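To start, the structure under review is shown below, and the notes come after it.
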Amino acid sequence: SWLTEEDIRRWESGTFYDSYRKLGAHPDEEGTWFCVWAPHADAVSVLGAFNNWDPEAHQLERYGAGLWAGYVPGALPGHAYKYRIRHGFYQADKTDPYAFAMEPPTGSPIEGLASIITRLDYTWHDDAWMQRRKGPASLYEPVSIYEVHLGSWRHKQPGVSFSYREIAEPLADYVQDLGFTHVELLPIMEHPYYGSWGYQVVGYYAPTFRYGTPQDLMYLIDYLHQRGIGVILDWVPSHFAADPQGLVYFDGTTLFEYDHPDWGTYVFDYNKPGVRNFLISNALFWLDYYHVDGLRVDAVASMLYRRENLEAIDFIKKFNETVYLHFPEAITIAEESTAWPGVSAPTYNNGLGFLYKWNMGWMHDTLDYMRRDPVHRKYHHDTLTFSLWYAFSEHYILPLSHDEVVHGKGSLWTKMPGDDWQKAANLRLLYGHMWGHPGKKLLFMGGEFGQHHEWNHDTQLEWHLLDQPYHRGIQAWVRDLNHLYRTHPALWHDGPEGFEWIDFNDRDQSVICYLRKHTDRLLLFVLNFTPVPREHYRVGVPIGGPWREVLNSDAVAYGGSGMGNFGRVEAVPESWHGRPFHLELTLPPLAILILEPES
Amino acid sequence: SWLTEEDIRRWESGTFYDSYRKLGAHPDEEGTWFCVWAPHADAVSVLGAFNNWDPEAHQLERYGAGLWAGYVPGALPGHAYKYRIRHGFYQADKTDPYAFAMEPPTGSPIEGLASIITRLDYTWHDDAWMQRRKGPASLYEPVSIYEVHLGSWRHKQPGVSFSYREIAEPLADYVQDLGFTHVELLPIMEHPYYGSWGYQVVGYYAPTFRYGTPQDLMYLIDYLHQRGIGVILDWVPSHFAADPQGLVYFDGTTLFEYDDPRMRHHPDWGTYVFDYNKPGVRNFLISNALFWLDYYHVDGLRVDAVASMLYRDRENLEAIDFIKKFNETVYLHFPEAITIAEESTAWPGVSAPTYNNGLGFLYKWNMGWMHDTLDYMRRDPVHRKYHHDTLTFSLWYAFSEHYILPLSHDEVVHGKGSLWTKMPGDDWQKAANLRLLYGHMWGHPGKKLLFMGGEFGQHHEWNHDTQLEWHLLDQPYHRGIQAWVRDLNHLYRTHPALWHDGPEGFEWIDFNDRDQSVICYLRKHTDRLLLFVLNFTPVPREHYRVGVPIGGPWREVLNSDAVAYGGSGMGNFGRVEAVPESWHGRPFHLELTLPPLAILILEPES
């Protein structure tokens with residue numbers, strides 16, 4: 002009896018969310034237990050070195066709910082194995098969907114990827130971090146996400162990436178100095194084509210071999226946690242990879258497939280309980296076995312539609342419901358490119374049950390506005406100001422992801438208009454406004470230097486640009502912005518109550534003044550979107566008295582001209598912007614001023 | 002650095018007797034170390050699934066002494082591997098000489114054999130046995146060897162032998178029931194040809210796959226020890242198998258074989274013989290001896306065809335010195351192991367210590383006794399008169415060496431006929447004679463060896479492709495013989511008069527009743543004495559008087575003619591009182607009745 006009768010009963014229910022405990026390959030010192038789901042199979046057999054790859058040596062026995070199981074003495078960790086499933090006249094060799102590790106036998110993932118028997122034994126030293134993780138409580142705490150593709154981040158030599166362990170100290174070193182709150186990792190699950198960035202997934206339960214063993218990854222997360230950094234894993238429940246030995250036609254017929268235009272026939276059949284187990288158990292698998300703090304679901308709209330797909334909608338709702346039940350302090354983030362309501366809302370209120378939504382609306386408006394020249398920004402003022410009508414519809418994360426710096430879209434730097442100074446000024450201004458705008462922050466690697474080139478995964482980021490002034494200044498600006506974020510709670514509350522307008526109708530001079538509030542604390546943000554310094558510019562404020570200049574984008578330390586109020590600004594009790602007191606300031610070129618009352 | 006610089010120097014001296022610690026394949030926690038001896042190779046490469054069999058993927062590095070070593074990440078236990086050795090213009094694939102396990106990808110050993118990485122972790126439960134193994138002192142203890150071919154003993158299904166594990170409990174129960182002290186196993190080292198019985202060896206460090214894994218063999222050896230059985234392994238340092246991927250011309254040259262062409266051809270072994278001149282060959286062999294006693298706890302090693310080593314036709331000093339240092343290192347590192355030799359010449363001091371100019375074996379097969387005894391009883395009782403001197407003169411040679419009286423598989427093959435077949439008359443008399451032969455062999459000085467199947471007197475010559483005729487245990491004549499051997503071994507195990515095979519342990523009572531073909535002798539240790547009276551004729555003898563040293567009541571401890579063994583039931587019946595009359599130059603005498611073709615063993619009464 003390998004499988005409990007409760008397990009088979011739970012499998013038929015679609016309630017087996019620990020299903021990884023029994024499905025796949027589970028090592029024992031004498032031999033490995035094998036468990037695979039193949040309901041439309043006449044037979045299933047394990048092939049490996051442990052039986053001369055002979056199909057009649059070890060035929061699993063069929064249990065309930067199309068669950069096949071068998072024991073193989075001498076099947077050992079690190080050995081490659083394979084399932085042979087027979088559908089009537091035809092038989093085929095398949096990979097394990099629940100494989101915990103895979104490696105290419107030829108040496109090339111594109112030729113062969115092979116399931117390898119693995120033990121996940123690892124002793125964690127991240128005790129302290131997880132007793133204090135937040136997440137749902139992070140709605141009122143600073144969340145600043147550094148989005149990363151591990152292979153592309155840094156190289157030991159050209160074309161050779163860092164191991165999971167080797168990356169740990171450099172990424173943890175870099176992320177801490179930057180002040181970032183989390184790292185979001187582009188999908189780590191095993192994928193054949195490196196150029197996929199990981200979104201075509203074959204081994205949902207296996208971290209990719211390219212960076213090391215599964216424990217190597219657990220150590221990385223363990224390490225980062227000790228350093229106080231969170232780990233978000235991009236996850237792909239929307240579609241699986243088109244690999245013939247993969248999930249496609251597993252038992253000889255449709256199984257994980259429907260019995267989408269983006270990926271037709273690679274869409275998961277959320278109707279089947281067996282599919283639902285596989286997907287949700289895997290979500291928990293990462294939160295359980297790898298202590299992951301958050302999971303990000305991409306192209307959620309592709310699941311919602313085909328007009329709405331209710332199979333998927335109930336699945337998403339149950340996914341979010343299940344995660345927070347087993348891990349009350351996890352975080353789930355969604356990217357949904359339609360105006361689907363209540364993504365970030367709880368299922369009990371007819372929401373999808375996510376904690377966070379990428380504000381892709383904001384990103385489009387923001388980028389479109391700053392692609393424009395300051396001379397012309399006059400005519401597009403509403404694109405800038407109107408982001409706040411939709412800024413509280415969900416619990417949002419402001420997003421500047423890899424998808425924006427690929428396929429000829431241009432690096433964030435490349436997008437900004439004018440000569441190099443204005444390009445650097447524009448990006449420092451952009452981030453300043455993004456850090457001020459309500460919502461958490463996500464920046465994809467290389468945006469912190471404002472690197473010239475589009476993200477090229479086949480190479481390492483242009484760190485050499487960190488030697489030159491303009492790019493080193495932007496890195497300093499992001500670090501300093503991140504310091505302001507964590508220090509001041511006025512930015513922690515992305516609620517409507519947190520934000521108040523100071524002035525939004527200066528279209529001619531292309532300026533924005535706004536307030537970000539929590540209780541006592543106020544933070545005043547004044548933005549000049551034209552390369553013209555503004556003098557005697559008055560900005561209304563609630564409080565009188567001494568005001569300080571907390572940050573100036575135009576500081577020479579950032580590559581700025583250096584026009585500034587430099588603190589020591591005294592409010593004048595003359596009504597401005599419908600406010601009791603006013604500040605008389607100097608607005609630097611293409612810059613953001615951040616000011617708070619002196620205390 | 003895989004090899005210590007001490008490691009290189011010891012290999013160069015031919016004094017590296019732990020060489021298995023470093024040569025061969027040694028799994029690591031993330032990969033495998035490989036080390037091969039190929040002095041005249043220009044390049045050596047490891048091939049396996051762990052590198053997609055690419056010869057340039059993992060090219061071993063040359064260390065000193067012609068040893069090559071290298072590490073391969075991802076090479077794991079259970080992987081099959083291969084050495085690609087390049088001899089100048091030519092390249093060839095070879096198996097690992099130090100392979101600790103071999104398996105055929107084909108599934109036929111002859112068609113192919115492959116080196117598979119193995120880890121030898123095994124947890125032993127034989128503490129009590131090995132702390133009490135008496136080894137050299139066994140000369141003063143009862144040693145009864147049951148010689149066994151594992152594949153031939155019993156078949157779990159027709160044409161299918163028992164695994165190492167499966168054989169353990171059935172065999173141990175059998176050997177315990179019959180009272181043998183040790184089992185000698187025909188060579189278990191990996192061999193291509195099953196019909197070779199194991200004497201053509203390819204994998205000296207690997208137990209044959211036919212019955213299971215190395216640990217499978219370890220369970221059996223462990224098991225037998227827990228049951229109180231000793232395990233002697235047959236070992237073949239005389240020659241290696243004539244197998245092309247094996248040790249023949251390993252590095253592209255003569256390597257394990259003699260470099261000299263004239264030396265290379267030897268008449269018994271043809272081209273393949275071990276060059277005992279080479280220190281590397283000396284390492285490989287002596288390390289292998291210790292390897293078996295070390296990792297497999299074997300109690301003894303028996304070397305065959307020692308004459309083929311000693312002579313070339328004459329003396330091979332290479333072989334003689336190798337033989338001597340083989341024995342010296344064995345007893346130095348494992349003082350309680352046992353080494354046995356069979357030599358078809360009358361070479362002196364086989365059983366003698368090297369420091370006395372002996373070869374250093376503990377035991378020698380008394381093949382003189384075997385031929386002599388077999389020659390005599392092969393003949394008809396009417397004629398045994400004329401060959402009485404063949405029987406009695408056997409003891410002129412019984413104390414020349416420490417001897418093991420051996421009847422072997424080699425005797426029951428090749429048209430020589432079963433021991434049963436060898437004996438004269440109809441089945442009753444044949445069974446009687448076989449009881450006599452075992453009767454005298456247990457009486458004759460020396461340890462005892464009987465090959466499997468002889469204990470019931472099976473008809474057909476031993477056929478390796480089949481299992482023994484156990485069905486004859488249903489018929490009475492053969493079930494009686496098996497009972498007789500059991501009783502003989504019980505007498506041997508319990509009576510110390512039979513333990514001391516020196517001339518002091520034997521006294522002649524009378525040998526000149528040549529006419530009636532009767533012999534009486536004494537097996538005595540200290541006060542204890544056992545009287546053996548043997549009638550080699552089917553007529554029983556009445557009122558036959560036998561001299562005795564001590565006078566008093568004597569009891570009959572064993573009667574071959576007892577009905578339980580398949581006999582007449584004729585006997586003294588015990589309560590034999592020595593008659594204070596002189597006979598055979600002795601103070602007292604026993605008046606006995608001698609059953610047909612029978613052996614009597616008698617003890618004074620206490």
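Heads up: the protein sequence lines correspond to chains E and A, in order.
FYI, in full-length UniProt numbering the residues of the first sequence are 2 to 260, 267 to 313, 328 to 620.
FYI, in full-length UniProt numbering the residues of the second sequence are 2 to 314, 328 to 620.
Ideal Cβ placement from N, Cα and C applies to all residues, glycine included.
Within the same chain, Cβ atoms closer than 6 Å to the Cβ of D515/E are found at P459 and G460, the five residues on either side in sequence being excluded. Its chain contains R449 and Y579 as the residues whose beta carbon lies nearer than 6 Å to that of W498/A, once the 5 sequence neighbours on both sides are disregarded; these appear in chain order.
Considering only beta carbons, the part of the region 100-117 of chain E lying closer than 9 Å to chain A consists of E104, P106, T107 and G108, in chain order. For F546/E, the uninterrupted beta strand (DSSP E) segment begins and ends at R542 to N549. Within its own chain, the residues whose Cβ lies closer than 8 Å to the Cβ of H156/E, once the five positions on either side in sequence are excluded, are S162, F163, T480 and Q481, listed in chain order. Annotation for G71/A: the continuous beta strand (DSSP E) segment containing it runs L68 to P74. The region 370-380 of chain E and the region 331-342 of chain E touch, with three or more beta-carbon pairs separated by less than 8 Å. Counting only residues of its own chain and dropping the five nearest sequence neighbours on each side, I230/A has a CB closer than 8 Å to the CB of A173, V176, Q177, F181, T182, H183 and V184. Along the region 66-99 of chain A, going in chain order, the ones with a CB nearer than 8 Å to a CB of chain E are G75, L77, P78, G79, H80 and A81. Proximity of chain E to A42/A at the Cβ level (cut-off 8 Å) is not reached, the minimal Cβ distance being about 26 Å. For a Cβ distance threshold of 9 Å, residue set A50, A81 and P106 of chain E lies close to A50/A, ordered along the chain. Non-local beta-carbon contacts of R87/E in its own chain, meaning distances under 7 Å to residues more than five positions away in sequence, involve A42, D43 and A44 in chain order. Exposed is the label assigned to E112/A, since fewer than 16 other Cβ atoms lie within 10 Å of its Cβ. Look at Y506/A here: in three-state DSSP terms it is helix. The three-state reading of DSSP puts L433/E in helix, counting H, G and I together.
Between the beta-carbon of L451/E and that of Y296/E there is about 39 Å, and that puts the pair past the 8 Å contact cut. Residues of chain E with a Cβ closer than 9 Å to the Cβ of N53/A are, in chain order, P106, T107 and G108. Shown here for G494/E: same chain residues with a beta carbon closer than 6 Å to its own, the five before and five after excluded, namely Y579 and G580 in chain order.
Judged by beta-carbon spacing, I354/A lies within the 8 Å limit of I418/A, meaning their Cβ atoms are closer than that value. Remark: C-beta atoms of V590/A and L572/A do not approach each other more closely than 8 Å. In the DSSP assignment, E148/A falls within the unbroken beta strand (DSSP E) covering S145 to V149. Under DSSP, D524/E takes part in a beta bridge, and its partners are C534/E.
In the DSSP assignment, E605/A falls within the beta strand (DSSP E) that extends over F602 to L608.
Residue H226/A holds the alpha-carbon nearest to the alpha-carbon of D128/A among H226/A, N586/A, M466/A and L486/A. Runs of alpha helix (DSSP H) with 4 or more residues, each lying fully within the region 215-283 of chain A, are found at 215-227 and 262-265, listed in chain order.
With 16 or more other Cβ atoms from the protein chains shown falling within 10 Å of its own Cβ, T214/E counts as buried.
Counting only the Cα atoms, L4/E lies some 48 Å from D488/A. Residue burial is scored here from C-beta neighbours: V396/E has fewer than 16 other C-beta atoms within 10 angstroms and is therefore classed as exposed. Less than 8 Å separates the beta-carbon of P106/A from that of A115/A. The Cβ atoms of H598/A and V560/A sit closer than 8 Å to each other. Within its own chain, the residues whose Cβ lies closer than 7 Å to the Cβ of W270/A, once the five positions on either side in sequence are excluded, are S239, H240 and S309, listed in chain order.
Under the criterion of beta carbons closer than 8 Å, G566/A and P618/A qualify as touching, at roughly 6 Å.
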